[PDB]
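This report refers to the structure that appears directly beneath it.
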Amino acid sequence: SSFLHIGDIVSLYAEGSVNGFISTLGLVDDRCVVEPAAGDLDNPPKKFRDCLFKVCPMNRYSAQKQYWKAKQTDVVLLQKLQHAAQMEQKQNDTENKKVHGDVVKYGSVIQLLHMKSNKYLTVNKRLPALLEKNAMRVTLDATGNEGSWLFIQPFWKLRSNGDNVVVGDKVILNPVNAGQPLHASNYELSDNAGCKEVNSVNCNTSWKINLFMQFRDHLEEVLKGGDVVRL
Amino acid sequence: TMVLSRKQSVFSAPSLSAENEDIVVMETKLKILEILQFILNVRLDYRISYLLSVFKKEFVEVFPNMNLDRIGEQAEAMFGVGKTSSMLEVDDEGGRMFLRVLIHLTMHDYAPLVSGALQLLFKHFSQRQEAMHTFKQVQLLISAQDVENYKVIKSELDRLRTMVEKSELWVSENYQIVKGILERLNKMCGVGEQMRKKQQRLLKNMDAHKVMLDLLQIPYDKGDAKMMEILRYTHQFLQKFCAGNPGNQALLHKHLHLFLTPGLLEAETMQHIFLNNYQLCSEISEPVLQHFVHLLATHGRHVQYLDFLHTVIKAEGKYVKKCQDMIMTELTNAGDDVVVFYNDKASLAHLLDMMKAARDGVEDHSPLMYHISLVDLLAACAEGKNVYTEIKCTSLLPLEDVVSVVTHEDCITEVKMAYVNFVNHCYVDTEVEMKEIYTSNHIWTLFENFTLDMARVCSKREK
Amino acid sequence: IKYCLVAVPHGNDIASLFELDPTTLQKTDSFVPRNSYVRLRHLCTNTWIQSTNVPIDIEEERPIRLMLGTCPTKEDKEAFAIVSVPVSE
Amino acid sequence: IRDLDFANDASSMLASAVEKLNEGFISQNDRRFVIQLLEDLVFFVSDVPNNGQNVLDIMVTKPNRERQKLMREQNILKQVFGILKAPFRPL
Amino acid sequence: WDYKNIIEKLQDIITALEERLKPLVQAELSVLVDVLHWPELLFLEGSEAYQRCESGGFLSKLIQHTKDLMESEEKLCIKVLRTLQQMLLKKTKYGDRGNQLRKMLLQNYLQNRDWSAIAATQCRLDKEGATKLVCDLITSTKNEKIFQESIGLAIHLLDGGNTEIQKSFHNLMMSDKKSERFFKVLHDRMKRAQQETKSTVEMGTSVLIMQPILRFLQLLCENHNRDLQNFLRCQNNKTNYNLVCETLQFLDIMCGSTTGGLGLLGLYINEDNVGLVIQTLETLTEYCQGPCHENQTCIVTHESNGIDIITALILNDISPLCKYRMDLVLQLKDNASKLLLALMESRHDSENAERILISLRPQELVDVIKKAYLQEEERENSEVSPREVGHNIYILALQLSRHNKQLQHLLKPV
């Protein structure tokens, strides 16, 4: 047993309306789905590299959002906004590197970076879910925004805010802005058989965190499981 | 033998919208202070009556301008400056004894006695302000019917306010009375136009809207099926409280954040608040339109939000360019859930199938009604010779779809009017040239259909 | 529900033995800290404790007594906090 | 590895679009997604940032041989030819 | 007899009377203030009531009972606080009619019979217990109006940098056990103001309440009061609430943080918040002066990097505001220069100098100095001299040059 740390590669197993891991349909589709028939904890899915996420700290997107709004709706102002956004990105990278390896405590804010697509998981409160119209949409964004902020809350009464998160625990991923925890709905996609939607709505869904790789072991100088190599 | 029975706060300014060993001595002094406060209230009433009498005298002698100088002199002469108000003084030393008594009582252990002494001391040096406030609160009536209406309205408002302040026992005997009070108020408030204006002014003076909003603010369960009617009548009361009254509209707009909740009844109240009020339509903030568009997208497709958006665009005839541009920009961003159009062959077939059932009249709240309202809103967003909204909406509804839906035999007058208005405001009446309108054989088919419609009108009238 | 927790007059037997399992990381199996959440296992049956919703005083108007038992499997949520009581109390 | 995965996904989606065009009917949303994927492929092959510059007018200094080989091997060119052929062989 | 005409005439007469009777109301309030100042004159000289009033018993009883009645009679407490504030203010004239009414009332009631006067009144109120009253009210109240009135009364008491009032405040904070609650309330309000400012970026009450609080802290730390300067940073309690860091955070958030410091400072500053920014700069300067090494180090090395915003305030020019209102910009730059001097008064070390120079580059500083010198033509109808501002900036540059070779080379004339 071990505590969860920033930079660790983990997988999330849903135990709600449906049971299974959370995966993606590809690098061109921004829909997150759960496939119960793919596998379970004892028999993980064969394409398990699609179910891996990296725990990341909070990121700032104020300058980026201002620049995006400016683009949507002068040259000097745009140049200054672009420079501010670049500086904010550099500062976020520096802060992430500084806080790399820190322990994760309940009630903190984290971001889930799907590694295969290198995309942060985001919740959009301004758009309903494609299938569950009463829910809110969940997608993957390369740059990310404030919708990627997720409180990690204790699902068990024996865990309290401020306590360190232990590997193998079941937690609740609550978007900061949307306010409705991630839910693995029972609706099935009409194009991908066996895949269930992931949205944001009130529910009792829990996510079990299974450790795949430690932050210390996640270094690009050693042979590691899941690495693609040529013989 | 000592009963410390405390009634309503004696040392409270009148308003239209209403252990110690020497305990015996302390209570006697407190009761004397209460009596003095009552006498001061009576004196205030007498001063108000004197002001009303002098105003009536001036009015009758001027209208069988007005001498505001003499009015002010008489109004100032009653506040102890001269001997004219000497008899109104409650002391034989020009208030010295009263002030000394208040100061002496302020230095006593008895906390309520000190509080009353301080209240009287502060009221002593604020006679003019209190008199002006009371005179402002005064209501003038001409008929015993008006007096009876005032009395019944005041009693009903007091009972409803008392129930709302204790709305914990019914959120069975507190439902019938509340619904009856709301129904009676709604029935009585609206009569003609002059009586309507008088009732609106009286209700604004007595602050009924405050109690009405407090009735809505009460926490409640999702499903009751009984207090829903109470809220339905409460919203109707507010809707009637705004008709042709920009002052009431602004007063209820000051509390607009209460109506920014998912619901259909609140949409009607917002529409009535913003109806024919340019000062509010032109200054409407972004979040209101954002919230309405979000409700259209997520909650569902309903005609109330479209009606609100349409009424906000134009106020007092003049169109609001900012509202047009913002509404178009926010509507075009969301598609297939808010801006639904039937341009594909299958969508057109579905439109014809659903419209064939509207031969005897379009059903209210129906998807066809929603589509008509959406088309009308898009057309109205471009009725200002704008260059942005027109080109933005030209793509949503191509002229080919317009002509196809207009020339079809099974097409109804409502949709025909909507499409013709759209192709007039968004295509023809534009400040920039459009290739499709003129360098294409589309508008000529519409002209032929217009001639056919004229012939149909001729035949129908002859029949 | 296979086994039910009860009280026996004598604690000299083997059925009255229990073992504690931590709910969080511990310092290389050091002393048990005060005010801790633990999982109880029965040494004889090797079963973990659970609390069921079946009342024991259903005959009463408002049952308040809830039954408990043991099962061979373990549940990560069925943890008990050991709250210390002051010697003064 | 991510470039290879993106190439495979793009090839699959373009094949699906070609099959839909062969069937005869393509939805407006599907057409928009196809156009977006085509622009993404243009940028991916050009190996230049998407800074709002016009997609149809991009000048490349040094071509990316790895990207070109990925396209050829994953058959994105085949799907491009299919998209060019199917619409003209009524639609 | 027309109802509409009658209503219109009633409105007209009401407006006329309301406009005409205001000075009389003001005179009556002033007479009440005078009566509170001298209550004993209503009693016989040999009377025990007269003796108790002269000794100050009446005002002490009023102050004591205000705290008790605050729970129920909130309006009465507000009126008492406003009356105390008026007592702590200088005389005012209300026109000839108002003066006549005031004279008549004073003759009727009180038949018998300046910075120094203000200080004496403040000392009298402190003796009677005004300071403890305001402290307890701020600590325990829940009404925004009462909190504002208490803050205003404290500001009036501390006006002029009254050393006795500062000593009384410090003693009360040290002795009373609720000082922790007082500082917690202040910190919570500052954090809420920062949050609302960040969210909005019309000014809300949460951000408008900052101005009186900043003024109160500045008055507390006036006259280089080392004890209060250190107490506001760290207290001898279980939980410590540092207010200097919160003030720096508020300044950074209102100025735009990194985005504002990267050349976009002008956008976040307008004619509505420039006064608040100036007040914040003055409060920071008051904290730093004395000098207070701990406060200077905290401000310089705070993680918020507000030193970058401070340097930007002198380097960059607010594009929109400066075009139509240059006096405010000049005052802001002067305040920033004074704050930098306060931070670099007597620091023989080099950490602060290096941290400042990281953002304040030598060439840009020299260019700003030259621009300030040449902008004397903008002095027309202005109280702040651009030449004086440039001279202060040059003094700062000279002090920084002790650790930078390039700046020393650049500052040498031709």
Side-chain angles (χ1 to χ4, degrees), chain B residues 9 11-13 51-52 54-56 58-60 62-63 66 68-69 71-73 75-76 79-82 93-97 99-100 102-104 106-109 111-112 114-115 117-119 121-122 124-129 131-133 135-136 138 140-143 146 194 197-198 201, chain E residues 1-7 9-22 24-33 35-36 39-40 42-43 47 49 52-53 57-62 64-66 68-69 72-73 75-77 79-80 83 97 100-101 104-105 107-111:
Chain B
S9 58
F11 307 93
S12 179
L51 286 173
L52 291 171
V54 85
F55 170 80
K56 185 184 180 184
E58 191 70 19
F59 186 91
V60 298
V62 172
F63 305 106
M66 312 186 73
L68 281 63
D69 300 0
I71 290 172
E73 289 177 0
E76 190 179 6
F79 293 103
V81 180
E93 301 180 2
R96 288 199 303 273
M97 178 154 53
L99 200 65
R100 184 175 59 264
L102 293 178
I103 286 168
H104 182 246
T106 302
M107 295 181 295
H108 287 196
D109 303 70
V114 177
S115 180
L118 295 177
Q119 291 284 16
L121 179 64
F122 282 108
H124 183 61
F125 293 96
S126 300
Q127 302 178 17
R128 296 176 177 83
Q129 184 179 1
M132 284 302 303
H133 206 253
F135 193 71
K136 213 194 307 309
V138 163
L140 264 171
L141 305 176
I142 299 174
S143 179
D146 301 331
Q194 296 77 0
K197 181 66 69 175
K198 294 183 184 181
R201 180 167 179 81
Chain E
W1 293 358
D2 301 1
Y3 174 86
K4 182 176 179 179
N5 183 19
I6 292 168
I7 294 291
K9 296 299 102 180
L10 185 70
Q11 294 297 136
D12 299 0
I13 182 177
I14 290 167
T15 52
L17 296 172
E18 193 177 7
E19 184 178 2
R20 180 167 177 172
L21 298 175
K22 185 184 295 302
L24 308 173
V25 177
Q26 303 300 323
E28 205 170 8
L29 266 290
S30 72
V31 171
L32 168 56
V33 168
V35 168
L36 273 165
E40 69 286 356
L42 292 158
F43 300 81
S47 179
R52 295 175 71 268
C53 290
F58 179 86
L59 206 64
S60 180
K61 291 290 183 181
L62 179 65
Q64 177 177 328
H65 196 248
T66 304
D68 299 0
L69 66 87
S72 60
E73 300 294 350
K75 302 177 79 284
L76 190 64
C77 182
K79 272 190 261 182
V80 170
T83 309
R97 298 164 62 265
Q100 180 63 10
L101 183 68
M104 298 265 66
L105 295 171
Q107 180 176 348
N108 191 331
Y109 295 113
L110 305 171
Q111 297 179 133

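All values below were derived from every heavy atom in this structure, side-chain atoms included, with hydrogens, water molecules and symmetry-related copies excluded. First the proteins, then the strands, lettered A, B, ... as listed; each starts at 1.
- Closest of all the heavy-atom pairs between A111(B) and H65(E) is O-NE2, 3.1 Å.
- Summarising the local packing, NE2 of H124(B) is surrounded by more than 12 heavy atoms from other residues, nucleotides or ligands at distances under 6.0 Å.
- Only the side chain of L62(E) has a heavy atom closer than 4.5 Å to any heavy atom of chain B.
- For chain E, the nearby parts of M107(B) are the backbone and the side chain; heavy atoms of each come within less than 4.5 Å.
- Considering every non-hydrogen atom in both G72(B) and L17(E), the closest pair reads CA-CD2, 4.1 Å.
- Summarising the geometry, atom CG belonging to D146(B) is positioned 11.0 Å from atom CG belonging to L140(B); distances are rounded to the nearest 0.5 Å.
- For the pair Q107(E)/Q111(E), no side-chain contact is recorded, criterion being any heavy-atom separation below 4.5 Å from C-beta on.
- In terms of heavy-atom proximity, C77(E) sits nearest to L69(E) at N-CD1, 3.5 Å.
- Contact count versus chain E (heavy atoms, under 4.5 Å) is highest, among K197(B), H108(B), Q119(B), for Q119(B).
- Your options are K61(E), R52(E), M104(E), and the one with the most heavy-atom pairs under 4.5 Å with chain B is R52(E).
- Contacts of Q64(E) with chain B are absent, with no heavy-atom separation under 4.5 Å from either backbone or side chain.
- Neither the backbone nor the side chain of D12(E) comes within contact range of chain B, judged by heavy atoms closer than 4.5 Å.
- Contacts between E93(B) and chain E at a heavy-atom distance below 4.5 Å involve the backbone alone (N, CA, C, O).
- Among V31(E), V25(E), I13(E), the residue making the largest number of heavy-atom pairs under 4.5 Å with chain B is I13(E).
- With respect to chain B, the highest number of heavy-atom pairs below 4.5 Å among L42(E), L76(E), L105(E) belongs to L76(E).
- Only the side chain of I7(E) comes within contact range of chain B, judged by heavy atoms closer than 4.5 Å.
- Contact of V80(E) with chain B is made through backbone and side chain together, with heavy-atom distances under 4.5 Å.
- For chain E, the option among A131(B), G94(B), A75(B) with the highest count of heavy-atom pairs below 4.5 Å is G94(B).
- Interface remark: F59(B) contributes side-chain atoms only to the contact with chain E (heavy atom separation under 4.5 Å).
- In this structure, chain B has a heavy atom under 4.5 Å from the side chain of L101(E), while its backbone stays farther away.
- Ionic pairing of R97(E) and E76(B) is present here: one or more N-O contacts between side-chain nitrogen and carboxylate oxygen are shorter than 4.0 angstrom.
- Cation-pi geometry between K198(B) and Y3(E) is satisfied (NZ or CZ under 6.0 Å from the ring centre, within 45° of the ring normal).
- For a residue to count as touching a neighbouring chain, one of its non-hydrogen atoms must lie under 4.5 Å from one of that chain's; by this rule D68(E) does not touch chain B.
- With respect to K136(B) and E18(E), a salt bridge is recorded, a charged nitrogen being found less than 4.0 Å from a carboxylate O.
- Nearest heavy-atom pair, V81(B) versus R128(B), reported as atom, atom and distance to 0.1 Å: CG2-NH2, 3.5 Å.
- No close placement of the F11(B) and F122(B) rings is indicated, their centers lying 6.0 Å or farther apart.
- Residue contact with chain B, scored on non-hydrogen atoms closer than 4.5 Å, involves the backbone and the side chain of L32(E) alike.
- Neither the backbone nor the side chain of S72(E) has a heavy atom closer than 4.5 Å to any heavy atom of chain B.
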